[PDB]
Number of protein chains: 2
Amino acid sequence: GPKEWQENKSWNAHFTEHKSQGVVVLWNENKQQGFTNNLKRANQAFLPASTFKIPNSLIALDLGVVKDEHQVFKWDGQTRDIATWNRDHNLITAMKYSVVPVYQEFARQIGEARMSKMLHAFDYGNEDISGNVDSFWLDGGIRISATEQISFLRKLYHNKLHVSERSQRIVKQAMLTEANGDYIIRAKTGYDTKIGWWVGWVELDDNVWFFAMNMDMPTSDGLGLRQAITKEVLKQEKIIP
Amino acid sequence: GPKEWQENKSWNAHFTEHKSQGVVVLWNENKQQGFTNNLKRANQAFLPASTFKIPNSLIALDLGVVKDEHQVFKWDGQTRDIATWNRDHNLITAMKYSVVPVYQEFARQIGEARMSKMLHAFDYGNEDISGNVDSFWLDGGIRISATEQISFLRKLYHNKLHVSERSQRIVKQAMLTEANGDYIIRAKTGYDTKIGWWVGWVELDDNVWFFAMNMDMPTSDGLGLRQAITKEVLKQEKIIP
Ligand SMILES: *C(=O)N1C[C@H](NOS(=O)(=O)O)CC[C@H]1C(N)=O
Ligand SMILES: *C(=O)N1C[C@H](NOS(=O)(=O)O)CC[C@H]1C(N)=O
Ligand SMILES: [Cl-]
């Protein structure tokens, strides 16, 4: 019989070209088949860092902490290192610019009991929120693997998560990253100071490819490699031109 | 004091450069002010042609004629001149490739009584569905102006049309045309053998610009000028780079 999961080590060339190491995991939805350059690392669990703003957004919307994607979260007046954070935001721009202080406020309003119950209902990673209610995805006990990211994203794509369909549609809107006549990418980046993430999917006319990548990332200087390397794999597999 | 609509005839150079004539209408949502090169033509009502796929989609979804944006509508097997039409489609690709036969079947299932009632509820153009229920937007009595297109699109953007929020969110997803780190365009083209249309909006971080353009289109050779001329105006107004 055919294999659900296949290893393709030729993708390592795209990491080695940049003196880095990592994993790309792809899932072909039509074929129900997955592909990766590193089967073991594909299933190892890491801190989600800013990719947690996908479930955080879903929970905040479903609970009414965030009313809709137009509600304004005012800047608290503290000047931070990332210039795009020093302004008012809504859900769309807070995800686009990965605005930490806005999502810390969401997490505090959600609170520990409801955050834990929702991640259990999502089957999200190891479901463990130990640590600070407003930072556990960066320095606490939650862990998720690349294959677990894909499983979560597939439920989101199909509106199968336990939260309202409305919440799922709003977050999928907020994940929009790039679109043209050839493809649509909905995705979210993350960085925990050691590992960089990019997770999401590529919508084509007749198929959707889910992806989850992480890579060793010692400094923020190489952050654009997250998208660049993933796109090299997508080009090799003839998913995008 | 300032006027709701300002005329900017310098945009005519973008039509003149292509030996063409037409109108571009812009609406700045934050400032609640509009701009056009031709106020008279901005209020001239034309057949909507394929821009009618926006209200048609909304009605089909709200009535359950279309269950969701993934439902597949099989090719009926008749070979038509536009090759992308000769295949199975869902709502996303039917709007992307402007697949008339799919939308003709939606319209027949909606039926004239519900179609007329919903266009009245939408305040859509002259609300006149005289002709065949499956072709009145191509060769019947319905007429809509560029400013009326803006009015309709503003209601859709704000979820204020008399259909479910869900239907409006799905259609706005289906209108997605282009997205990058600078802007998002949601829009729909149309062509009636005499006039070409492009209507929609540009989402920025902190504003939305609605647009509706139409131009004289004697042959199909110049159809790419609908987007190209509109983008020259957007570039001149520093809405997009
Ligand atoms: C999330 O991982 N973080 C917030 C912000 N996002 O940048 S990313 O999306 O481009 O990686 C900066 C990195 C990180 C953090 N420092 O908390
Ligand atoms: C809609 O106006 N039509 C369907 C199709 N779409 O072309 S467009 O979207 O690029 O203008 C072809 C033109 C037109 C029609 N023939 O009815
Ligand atoms: Cl979208």
Side-chain angles (χ1 to χ4, degrees), chain A residues 1-15 22-45 51 54 122-125 144-161 168 171-172 175-190 197-215 226-241, chain B residues 68-75 84 87-94 96-97 173-174 176 179:
Chain A
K3 293 186 178 184
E4 190 183 23
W5 285 97
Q6 292 175 256
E7 195 171 63
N8 187 338
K9 287 189 176 179
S10 73
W11 300 351
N12 282 333
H14 300 303
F15 286 101
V23 65
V24 179
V25 185
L26 302 181
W27 179 264
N28 181 327
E29 183 70 4
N30 280 352
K31 287 184 175 179
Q32 292 284 289
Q33 282 181 297
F35 307 86
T36 183
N37 61 306
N38 188 333
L39 285 162
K40 182 190 79 184
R41 184 169 174 147
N43 290 282
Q44 286 177 316
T51 72
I54 297 172
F122 287 166
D123 234 57
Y124 183 90
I144 190 166
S145 66
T147 59
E148 283 162 357
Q149 294 262 27
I150 285 178
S151 292
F152 175 73
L153 293 165
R154 292 184 68 254
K155 295 168 189 142
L156 176 58
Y157 177 88
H158 290 291
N159 300 316
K160 292 177 177 167
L161 297 169
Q168 292 177 82
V171 173
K172 283 181 285 185
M175 288 171 61
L176 178 62
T177 296
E178 195 187 345
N180 53 51
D182 293 320
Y183 60 84
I184 300 164
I185 296 178
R186 306 187 183 276
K188 184 67 190 78
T189 50
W197 284 101
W198 201 29
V199 307
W201 60 81
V202 185
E203 306 178 9
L204 306 176
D205 284 346
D206 45 352
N207 202 4
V208 55
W209 285 86
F210 295 81
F211 66 87
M213 81 85 68
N214 59 68
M215 63 180 294
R226 295 170 302 179
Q227 297 96 330
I229 292 172
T230 304
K231 278 181 177 188
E232 283 305 300
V233 168
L234 297 172
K235 289 171 186 178
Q236 175 175 337
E237 301 301 310
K238 297 186 180 178
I239 296 164
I240 67 177
Chain B
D68 58 43
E69 72 274 26
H70 302 123
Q71 179 179 15
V72 174
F73 300 94
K74 282 177 73 172
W75 180 38
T84 56
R87 64 170 77 152
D88 298 350
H89 283 285
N90 59 36
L91 184 75
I92 305 292
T93 64
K96 175 179 181 176
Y97 296 105
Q173 180 186 346
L176 178 62

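Letters A, B, ... are given to chains in the order of the sequence lines, protein chains preceding strands, and every chain is numbered from 1. For the numbers below, each heavy atom of this structure counts, side chains included, while hydrogens, waters and symmetry mates do not.
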- Message: Using every non-hydrogen atom in the two residues, find where A:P2 and A:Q33 come nearest and quote the distance to one decimal.
- Response: CB-NE2, 4.4 Å
- Message: Is there a side-chain contact between A:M175 and A:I54 in this structure, where contact means two heavy atoms from C-beta onward sitting under 4.5 Å apart?
- Response: yes
- Item | side chain to side chain donor-acceptor pair (under 3.5 Å) assessment of A:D205 paired with B:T93 | CA-CA 6 Å; A:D205 284 346; B:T93 64; over 6 Å; no
- Query: When rounded to the nearest 0.5 angstrom, what is the spacing between CD1 in A:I229 and CZ in A:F15?
  - Reply: 5.0 Å
- Message: Restricting to non-hydrogen atoms, name the atom on A:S145 and the atom on A:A42 that form the minimum distance, rounded to 0.1 Å.
- Response: CB-O, 3.7 Å
- Would you mind reporting whether A:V23 and A:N214 have side-chain heavy atoms less than 4.5 Å apart? yes
- Gap separating the OG1 atom of A:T51 from the CD1 atom of A:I144, nearest 0.5 angstrom: 6.5 Å
- Item | Close side-chain approach of B:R87 and B:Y97, heavy atoms under 4.5 Å | yes
- Query: Quick one: are the ring centres of A:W198 and A:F211 less than 6.0 Å apart?
  - Reply: yes
- Within the distance-only criterion (no hydrogens, no angle test), does the side chain of A:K172 pair as donor or acceptor with the backbone N or O of A:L156 below 3.5 angstrom? yes
- Does the side-chain contact (heavy atoms from CB on, under 4.5 Å) test come out yes or no for A:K235 and A:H14, once each step is laid out? CA-CA 11 Å; A:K235 289 171 186 178; A:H14 300 303; over 6 Å; no
- Message: Could you measure the distance from the CD atom of A:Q227 to the OG1 atom of A:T177? Nearest 0.5 Å is fine.
- Response: 8.0 Å
- Message: Check the orientation of A:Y124 and A:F152. Use parallel for under 30°, tilted for 30 to 60°, and perpendicular for over 60°.
- Response: perpendicular
- Query: Are A:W11 and A:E232 close enough that a side-chain donor and a side-chain acceptor fall under 3.5 Å?
  - Reply: no
- Query: Distance from A:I184 atom CD1 to A:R186 atom CZ, nearest 0.5 Å?
  - Reply: 6.0 Å
- Query: Is any side-chain heavy atom of A:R154 less than 4.5 Å from a side-chain heavy atom of A:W27?
  - Reply: yes
- Task: Check the pair A:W209 / A:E29 against side-chain contact (heavy atoms from CB on, under 4.5 Å), numbers first and verdict last.
- Result: CA-CA 6 Å; A:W209 285 86; A:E29 183 70 4; over 6 Å; no
- Query: Under 4.5 Å between any side-chain heavy atoms of B:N90 and B:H70, yes or no?
  - Reply: no
- Taking all non-hydrogen atoms of both residues, which atom of A:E7 and which atom of A:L39 are closest, and how far apart? OE2-N, 2.9 Å
- Item | Under 3.5 Å side-chain donor-acceptor pair for B:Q71 and B:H89 | no
- Task: Output the distance between atom CG (A:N37) and atom CE (A:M213), rounded to the nearest 0.5 Å.
- Result: 8.5 Å
- Let me see the working for A:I239 and A:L26 under side-chain contact (heavy atoms from CB on, under 4.5 Å), right down to the final yes or no. CA-CA 11 Å; A:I239 296 164; A:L26 302 181; 3.9 Å; yes
- Search all heavy atoms of A:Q236 against all heavy atoms of A:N8 and return the closest pair with its distance. NE2-ND2, 4.3 Å
- Query: Run the side chain to side chain donor-acceptor pair (under 3.5 Å) check on A:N30 and A:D206 step by step: do they pass?
  - Reply: CA-CA 8 Å; A:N30 280 352; A:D206 45 352; 5.8 Å; no
- Item | Derivation of the side-chain contact (heavy atoms from CB on, under 4.5 Å) call for A:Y157 and A:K155 | CA-CA 6 Å; A:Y157 177 88; A:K155 295 168 189 142; over 6 Å; no
- Task: Starting from the C-alpha separation in whole Å, work towards a yes-or-no answer on ring-ring contact (aromatic ring centres under 6.0 Å, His included) for A:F210 and A:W201.
- Result: CA-CA 4 Å; A:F210 295 81; A:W201 60 81; 5.5 Å; yes
- Task: Flag the pair A:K31 and A:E4 as a salt bridge only when some basic side-chain nitrogen lies within less than 4.0 angstrom of an acidic carboxylate oxygen.
- Result: no
- Note on the structure: One should read off an interatomic distance between A:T36 OG1 and A:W5 CH2, to the nearest 0.5 angstrom, of 7.0 Å
- Ignoring hydrogens and geometry, is there a side-chain-to-backbone donor-acceptor pair from B:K96 to B:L91 under 3.5 Å? no
- Is A:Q6 reaching over with its side chain to a backbone N or O of A:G34, donor-acceptor style, under 3.5 angstrom? no
- Message: Tell me the closest heavy-atom pair linking A:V25 and A:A146, and the distance in Å.
- Response: CG2-CB, 3.6 Å
- Between A:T189 and A:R226 the two heavy atoms that sit nearest each other are CB-NH1, 3.5 Å
